[PDB]
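> This is the content of start_9.pdb (PDB, N, CA, C and O atoms):
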```
ATOM      1  N   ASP Z   1     -99.788 -28.305  58.421  1.00  0.00           N
ATOM      2  CA  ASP Z   1     -99.233 -28.989  57.218  1.00  0.00           C
ATOM      3  C   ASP Z   1    -100.155 -28.772  56.015  1.00  0.00           C
ATOM      4  O   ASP Z   1    -100.828 -29.679  55.565  1.00  0.00           O
ATOM      5  N   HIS Z   2    -100.191 -27.577  55.490  1.00  0.00           N
ATOM      6  CA  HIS Z   2    -101.070 -27.305  54.317  1.00  0.00           C
ATOM      7  C   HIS Z   2    -100.278 -26.596  53.215  1.00  0.00           C
ATOM      8  O   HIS Z   2     -99.157 -26.172  53.418  1.00  0.00           O
ATOM      9  N   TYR Z   3    -100.851 -26.463  52.051  1.00  0.00           N
ATOM     10  CA  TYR Z   3    -100.130 -25.782  50.937  1.00  0.00           C
ATOM     11  C   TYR Z   3    -100.976 -24.631  50.385  1.00  0.00           C
ATOM     12  O   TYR Z   3    -102.132 -24.801  50.052  1.00  0.00           O
ATOM     13  N   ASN Z   4    -100.408 -23.460  50.286  1.00  0.00           N
ATOM     14  CA  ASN Z   4    -101.181 -22.299  49.756  1.00  0.00           C
ATOM     15  C   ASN Z   4    -100.695 -21.936  48.350  1.00  0.00           C
ATOM     16  O   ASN Z   4     -99.638 -21.363  48.177  1.00  0.00           O
ATOM     17  N   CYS Z   5    -101.459 -22.267  47.344  1.00  0.00           N
ATOM     18  CA  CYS Z   5    -101.040 -21.941  45.952  1.00  0.00           C
ATOM     19  C   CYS Z   5    -101.362 -20.479  45.631  1.00  0.00           C
ATOM     20  O   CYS Z   5    -101.143 -20.012  44.531  1.00  0.00           O
ATOM     21  N   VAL Z   6    -101.877 -19.752  46.585  1.00  0.00           N
ATOM     22  CA  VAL Z   6    -102.212 -18.321  46.335  1.00  0.00           C
ATOM     23  C   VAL Z   6    -100.965 -17.447  46.505  1.00  0.00           C
ATOM     24  O   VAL Z   6    -100.784 -16.466  45.812  1.00  0.00           O
ATOM     25  N   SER Z   7    -100.105 -17.796  47.422  1.00  0.00           N
ATOM     26  CA  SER Z   7     -98.872 -16.983  47.634  1.00  0.00           C
ATOM     27  C   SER Z   7     -97.942 -17.110  46.425  1.00  0.00           C
ATOM     28  O   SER Z   7     -97.193 -16.207  46.107  1.00  0.00           O
ATOM     29  N   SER Z   8     -97.986 -18.223  45.748  1.00  0.00           N
ATOM     30  CA  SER Z   8     -97.106 -18.409  44.558  1.00  0.00           C
ATOM     31  C   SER Z   8     -97.659 -17.624  43.366  1.00  0.00           C
ATOM     32  O   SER Z   8     -96.968 -17.380  42.396  1.00  0.00           O
ATOM     33  N   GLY Z   9     -98.900 -17.226  43.430  1.00  0.00           N
ATOM     34  CA  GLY Z   9     -99.496 -16.457  42.301  1.00  0.00           C
ATOM     35  C   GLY Z   9    -100.554 -17.315  41.604  1.00  0.00           C
ATOM     36  O   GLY Z   9    -101.353 -16.824  40.831  1.00  0.00           O
ATOM     37  N   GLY Z  10    -100.566 -18.593  41.870  1.00  0.00           N
ATOM     38  CA  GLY Z  10    -101.572 -19.480  41.222  1.00  0.00           C
ATOM     39  C   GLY Z  10    -102.904 -19.371  41.967  1.00  0.00           C
ATOM     40  O   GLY Z  10    -103.040 -18.612  42.907  1.00  0.00           O
ATOM     41  N   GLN Z  11    -103.887 -20.123  41.555  1.00  0.00           N
ATOM     42  CA  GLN Z  11    -105.210 -20.062  42.241  1.00  0.00           C
ATOM     43  C   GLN Z  11    -105.734 -21.476  42.507  1.00  0.00           C
ATOM     44  O   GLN Z  11    -105.312 -22.433  41.888  1.00  0.00           O
ATOM     45  N   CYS Z  12    -106.651 -21.616  43.424  1.00  0.00           N
ATOM     46  CA  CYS Z  12    -107.201 -22.968  43.730  1.00  0.00           C
ATOM     47  C   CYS Z  12    -108.686 -23.031  43.358  1.00  0.00           C
ATOM     48  O   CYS Z  12    -109.526 -22.456  44.021  1.00  0.00           O
ATOM     49  N   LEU Z  13    -109.014 -23.724  42.302  1.00  0.00           N
ATOM     50  CA  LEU Z  13    -110.444 -23.822  41.890  1.00  0.00           C
ATOM     51  C   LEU Z  13    -111.108 -25.023  42.570  1.00  0.00           C
ATOM     52  O   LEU Z  13    -110.472 -25.780  43.275  1.00  0.00           O
ATOM     53  N   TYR Z  14    -112.385 -25.200  42.365  1.00  0.00           N
ATOM     54  CA  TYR Z  14    -113.090 -26.351  43.001  1.00  0.00           C
ATOM     55  C   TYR Z  14    -113.065 -27.568  42.071  1.00  0.00           C
ATOM     56  O   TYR Z  14    -113.173 -28.695  42.507  1.00  0.00           O
ATOM     57  N   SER Z  15    -112.922 -27.347  40.793  1.00  0.00           N
ATOM     58  CA  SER Z  15    -112.890 -28.491  39.838  1.00  0.00           C
ATOM     59  C   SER Z  15    -111.460 -28.729  39.345  1.00  0.00           C
ATOM     60  O   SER Z  15    -110.588 -27.901  39.516  1.00  0.00           O
ATOM     61  N   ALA Z  16    -111.212 -29.856  38.736  1.00  0.00           N
ATOM     62  CA  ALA Z  16    -109.839 -30.147  38.233  1.00  0.00           C
ATOM     63  C   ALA Z  16    -109.249 -28.905  37.559  1.00  0.00           C
ATOM     64  O   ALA Z  16    -109.878 -28.282  36.725  1.00  0.00           O
ATOM     65  N   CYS Z  17    -108.047 -28.541  37.911  1.00  0.00           N
ATOM     66  CA  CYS Z  17    -107.419 -27.340  37.288  1.00  0.00           C
ATOM     67  C   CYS Z  17    -107.679 -27.331  35.779  1.00  0.00           C
ATOM     68  O   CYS Z  17    -107.417 -28.305  35.100  1.00  0.00           O
ATOM     69  N   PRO Z  18    -108.190 -26.227  35.303  1.00  0.00           N
ATOM     70  CA  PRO Z  18    -108.489 -26.089  33.857  1.00  0.00           C
ATOM     71  C   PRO Z  18    -107.193 -25.955  33.053  1.00  0.00           C
ATOM     72  O   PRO Z  18    -106.219 -25.397  33.515  1.00  0.00           O
ATOM     73  N   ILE Z  19    -107.174 -26.464  31.850  1.00  0.00           N
ATOM     74  CA  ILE Z  19    -105.940 -26.367  31.020  1.00  0.00           C
ATOM     75  C   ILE Z  19    -105.552 -24.900  30.821  1.00  0.00           C
ATOM     76  O   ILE Z  19    -104.415 -24.579  30.540  1.00  0.00           O
ATOM     77  N   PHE Z  20    -106.490 -24.004  30.969  1.00  0.00           N
ATOM     78  CA  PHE Z  20    -106.175 -22.558  30.791  1.00  0.00           C
ATOM     79  C   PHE Z  20    -105.099 -22.126  31.790  1.00  0.00           C
ATOM     80  O   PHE Z  20    -104.501 -21.077  31.659  1.00  0.00           O
ATOM     81  N   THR Z  21    -104.848 -22.928  32.788  1.00  0.00           N
ATOM     82  CA  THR Z  21    -103.811 -22.565  33.796  1.00  0.00           C
ATOM     83  C   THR Z  21    -102.809 -23.711  33.958  1.00  0.00           C
ATOM     84  O   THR Z  21    -102.985 -24.783  33.416  1.00  0.00           O
ATOM     85  N   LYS Z  22    -101.758 -23.491  34.700  1.00  0.00           N
ATOM     86  CA  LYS Z  22    -100.745 -24.569  34.895  1.00  0.00           C
ATOM     87  C   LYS Z  22    -101.047 -25.352  36.176  1.00  0.00           C
ATOM     88  O   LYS Z  22    -101.819 -24.923  37.010  1.00  0.00           O
ATOM     89  N   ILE Z  23    -100.443 -26.497  36.339  1.00  0.00           N
ATOM     90  CA  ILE Z  23    -100.694 -27.305  37.567  1.00  0.00           C
ATOM     91  C   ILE Z  23     -99.615 -27.024  38.616  1.00  0.00           C
ATOM     92  O   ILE Z  23     -98.451 -27.304  38.412  1.00  0.00           O
ATOM     93  N   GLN Z  24     -99.993 -26.472  39.736  1.00  0.00           N
ATOM     94  CA  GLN Z  24     -98.988 -26.173  40.796  1.00  0.00           C
ATOM     95  C   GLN Z  24     -98.914 -27.331  41.795  1.00  0.00           C
ATOM     96  O   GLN Z  24     -98.384 -27.194  42.881  1.00  0.00           O
ATOM     97  N   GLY Z  25     -99.440 -28.470  41.438  1.00  0.00           N
ATOM     98  CA  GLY Z  25     -99.400 -29.634  42.367  1.00  0.00           C
ATOM     99  C   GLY Z  25    -100.819 -29.968  42.827  1.00  0.00           C
ATOM    100  O   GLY Z  25    -101.658 -30.368  42.044  1.00  0.00           O
ATOM    101  N   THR Z  26    -101.096 -29.808  44.093  1.00  0.00           N
ATOM    102  CA  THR Z  26    -102.464 -30.117  44.602  1.00  0.00           C
ATOM    103  C   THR Z  26    -102.980 -28.961  45.463  1.00  0.00           C
ATOM    104  O   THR Z  26    -102.269 -28.017  45.742  1.00  0.00           O
ATOM    105  N   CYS Z  27    -104.213 -29.028  45.885  1.00  0.00           N
ATOM    106  CA  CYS Z  27    -104.772 -27.932  46.727  1.00  0.00           C
ATOM    107  C   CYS Z  27    -105.080 -28.450  48.134  1.00  0.00           C
ATOM    108  O   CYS Z  27    -104.557 -29.458  48.564  1.00  0.00           O
ATOM    109  N   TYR Z  28    -105.929 -27.767  48.852  1.00  0.00           N
ATOM    110  CA  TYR Z  28    -106.273 -28.219  50.230  1.00  0.00           C
ATOM    111  C   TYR Z  28    -106.782 -29.663  50.201  1.00  0.00           C
ATOM    112  O   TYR Z  28    -106.414 -30.478  51.022  1.00  0.00           O
ATOM    113  N   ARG Z  29    -107.628 -29.984  49.260  1.00  0.00           N
ATOM    114  CA  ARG Z  29    -108.160 -31.374  49.178  1.00  0.00           C
ATOM    115  C   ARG Z  29    -108.090 -31.883  47.736  1.00  0.00           C
ATOM    116  O   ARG Z  29    -107.839 -31.132  46.814  1.00  0.00           O
ATOM    117  N   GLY Z  30    -108.310 -33.153  47.532  1.00  0.00           N
ATOM    118  CA  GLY Z  30    -108.256 -33.707  46.151  1.00  0.00           C
ATOM    119  C   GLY Z  30    -109.422 -33.149  45.331  1.00  0.00           C
ATOM    120  O   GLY Z  30    -109.374 -33.103  44.118  1.00  0.00           O
ATOM    121  N   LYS Z  31    -110.469 -32.725  45.985  1.00  0.00           N
ATOM    122  CA  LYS Z  31    -111.637 -32.170  45.241  1.00  0.00           C
ATOM    123  C   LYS Z  31    -111.254 -30.852  44.563  1.00  0.00           C
ATOM    124  O   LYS Z  31    -111.847 -30.453  43.580  1.00  0.00           O
ATOM    125  N   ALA Z  32    -110.267 -30.173  45.080  1.00  0.00           N
ATOM    126  CA  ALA Z  32    -109.846 -28.882  44.464  1.00  0.00           C
ATOM    127  C   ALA Z  32    -108.448 -29.018  43.855  1.00  0.00           C
ATOM    128  O   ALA Z  32    -107.713 -29.936  44.163  1.00  0.00           O
ATOM    129  N   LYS Z  33    -108.075 -28.112  42.993  1.00  0.00           N
ATOM    130  CA  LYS Z  33    -106.724 -28.192  42.366  1.00  0.00           C
ATOM    131  C   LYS Z  33    -106.125 -26.791  42.217  1.00  0.00           C
ATOM    132  O   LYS Z  33    -106.822 -25.832  41.952  1.00  0.00           O
ATOM    133  N   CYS Z  34    -104.837 -26.665  42.385  1.00  0.00           N
ATOM    134  CA  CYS Z  34    -104.195 -25.325  42.252  1.00  0.00           C
ATOM    135  C   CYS Z  34    -103.921 -25.016  40.778  1.00  0.00           C
ATOM    136  O   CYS Z  34    -103.756 -25.905  39.968  1.00  0.00           O
ATOM    137  N   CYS Z  35    -103.871 -23.761  40.425  1.00  0.00           N
ATOM    138  CA  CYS Z  35    -103.609 -23.397  39.003  1.00  0.00           C
ATOM    139  C   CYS Z  35    -102.723 -22.151  38.930  1.00  0.00           C
ATOM    140  O   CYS Z  35    -102.674 -21.357  39.849  1.00  0.00           O
ATOM    141  N   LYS Z  36    -102.020 -21.972  37.846  1.00  0.00           N
ATOM    142  CA  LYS Z  36    -101.139 -20.776  37.717  1.00  0.00           C
ATOM    143  C   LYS Z  36    -100.803 -20.522  36.245  1.00  0.00           C
ATOM    144  O   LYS Z  36    -101.457 -21.108  35.399  1.00  0.00           O
TER     145      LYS Z  36
END
```
The structure in this file should be written as structure tokens.


Amino acid sequence: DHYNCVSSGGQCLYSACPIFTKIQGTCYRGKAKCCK
């Protein structure tokens, strides 16, 4: 039960998703965030 934001084309950083990218929801943990 996990979510991979890499297959959608977005990326998962370690800090809150930067405004330079869009929010694809959440990443593996709350400490990381997906971006696109």

> Would you mind listing what lies within 8 Å of residue 10 (chain Z) as a list in words, with only N, CA, C and O atoms counted and same-chain residues fewer than 3 positions away left out?

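Near neighbours after the sequence-gap exclusion: residues 4, 5, 6, 7, 13, 22, 24, 33, 34, 35 and 36 of chain Z.
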
> Write the residues you've just listed into a file as a compact mmCIF listing (two decimals), in the frame of the given file, and include N, CA, C and O atoms for each of them.


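As written to disk, out.txt reads:
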```
# COMPACT_ATOMS: atom_id res chain seq x y z
N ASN Z 4 -100.41 -23.46 50.29
CA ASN Z 4 -101.18 -22.30 49.76
C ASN Z 4 -100.70 -21.94 48.35
O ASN Z 4 -99.64 -21.36 48.18
N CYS Z 5 -101.46 -22.27 47.34
CA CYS Z 5 -101.04 -21.94 45.95
C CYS Z 5 -101.36 -20.48 45.63
O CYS Z 5 -101.14 -20.01 44.53
N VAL Z 6 -101.88 -19.75 46.58
CA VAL Z 6 -102.21 -18.32 46.34
C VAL Z 6 -100.96 -17.45 46.50
O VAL Z 6 -100.78 -16.47 45.81
N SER Z 7 -100.10 -17.80 47.42
CA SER Z 7 -98.87 -16.98 47.63
C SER Z 7 -97.94 -17.11 46.42
O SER Z 7 -97.19 -16.21 46.11
N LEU Z 13 -109.01 -23.72 42.30
CA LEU Z 13 -110.44 -23.82 41.89
C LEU Z 13 -111.11 -25.02 42.57
O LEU Z 13 -110.47 -25.78 43.28
N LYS Z 22 -101.76 -23.49 34.70
CA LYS Z 22 -100.74 -24.57 34.90
C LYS Z 22 -101.05 -25.35 36.18
O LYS Z 22 -101.82 -24.92 37.01
N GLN Z 24 -99.99 -26.47 39.74
CA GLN Z 24 -98.99 -26.17 40.80
C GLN Z 24 -98.91 -27.33 41.80
O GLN Z 24 -98.38 -27.19 42.88
N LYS Z 33 -108.08 -28.11 42.99
CA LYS Z 33 -106.72 -28.19 42.37
C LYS Z 33 -106.12 -26.79 42.22
O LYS Z 33 -106.82 -25.83 41.95
N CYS Z 34 -104.84 -26.66 42.38
CA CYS Z 34 -104.20 -25.32 42.25
C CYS Z 34 -103.92 -25.02 40.78
O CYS Z 34 -103.76 -25.90 39.97
N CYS Z 35 -103.87 -23.76 40.42
CA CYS Z 35 -103.61 -23.40 39.00
C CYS Z 35 -102.72 -22.15 38.93
O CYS Z 35 -102.67 -21.36 39.85
N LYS Z 36 -102.02 -21.97 37.85
CA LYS Z 36 -101.14 -20.78 37.72
C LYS Z 36 -100.80 -20.52 36.24
O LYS Z 36 -101.46 -21.11 35.40
```

> Record the distance separating atom O of residue 20 (chain Z) and atom C of residue 8 (chain Z), expressed in Å with one decimal.

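Separation of atom O of residue 20 (chain Z) and atom C of residue 8 (chain Z): 14.0 Å.
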
> Using Å and a single decimal, report how far atom C of residue 31 (chain Z) sits from atom N of residue 15 (chain Z).

5.4 Å

> List the spatial neighbours of residue 32 (chain Z) as a PyMOL selection string - criterion: any atom at most 8 Å away, all atoms listed in the file, same-chain residues fewer than 2 positions off excluded.

chain Z and resi 11-17+25-30+34-35

> To test your reading of the structure, identify every residue in chain Z that backbone DSSP assigns to strand (DSSP E or B), and report it as an MDAnalysis selection string.

chainID Z and resid 11:13 23 33:35

> As an exercise, work out the distance from atom N of residue 21 (chain Z) to atom C of residue 1 (chain Z) in Å and give it to one decimal place.

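Taking atom N of residue 21 (chain Z) and atom C of residue 1 (chain Z), their separation equals 24.4 Å.
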
> Kindly provide, as lines of an AutoDock Vina configuration file, the centre and edge lengths (Å, one decimal) of an axis-aligned box around all atoms of region 20-32 of chain Z given in the file, with 8 Å on each side.


```
center_x = -105.1
center_y = -27.4
center_z = 40.9
size_x = 29.5
size_y = 28.6
size_z = 36.2
```
